[PDB]
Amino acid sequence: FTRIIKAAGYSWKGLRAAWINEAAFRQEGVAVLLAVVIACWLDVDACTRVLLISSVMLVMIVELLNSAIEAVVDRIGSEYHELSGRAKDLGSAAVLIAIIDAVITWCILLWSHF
């Protein structure tokens, strides 16, 4: 039961680390937090409201996992000299697909609002 408070602190510590270190996290988080607020104040149904929010929050989840992968690569880079960067490319690709998805979700749903 106390493992929750322990894991909560780690999560909060990871959020700060993401925010402090990753620049892509800060900019995306801004556009994400903006989108979340708008979705909370639109004239739409629950299914649409959720779809707008979740597609946007997915960008943050992927970006957080991308940063974790990059931190792993950096850990390797401190002990090893050659870095292909292939792992960071795949992580950057994953964030792109998540963003494109969020763009599509919003365009499609708002085209019903119109």
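The first residue of the sequence shown is number 1, and the count goes up from there.
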Mean Cα B factor from the PDB record: higher for 5 to 13, or higher for 101 to 109? 5 to 13
Should the higher mean CA B-factor in the entry be assigned to 36 to 44 or to 52 to 60? 36 to 44
Taking the chain's C-alpha temperature factors as the reference, tell me which third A23 falls into: lowest, middle or highest. highest
By the record's CA B-factor, is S84 among the lowest, middle or highest third of residues in the chain? middle
